[PDB]
């Protein structure tokens, strides 16, 4: 990730304010609502038949929190995203066969959620750094396809 020391500091400072439960549930639920094909991977999660049901689904919220926790691991290991995400790359690529384009979509949904939560504090500069982050995470997750 082409992140400078000063950009890195700003990225970690924002994550310090991120509630992984609320932000995670919301980002995963938005993925499922905005890009409904992603629901194919979540049949076991129960009711996903409308936006209210998806957003209010306990399994969506619980799982989104776990996803965001792993994003946080990435944020705190920017110089080794490949290693950080190696196990999850095997899961998502080799076991689940998720198209890697969707890793980029989820990263961008997370960015939109951060924008919603942080408002004007989520500056164009800070968003730019987060774009580098979510691109790095998506690339690391897709390693098993490379």
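Positions refer to the first chain, counted from 1.
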| query | finding |
| --- | --- |
| Residue range whose averaged C-alpha B-factor is higher in the record, 5-13 or 19-27 | 5-13 |
| Between the two ranges 106-114 and 83-91, the one averaging a larger CA B factor in the entry | 83-91 |
| Out of 56, 64, 100, 36, residue topping the C-alpha B-factor column of the entry | 56 |
| Ranked C-alpha temperature factor of residue 32 among modelled chain residues, by third | lowest |
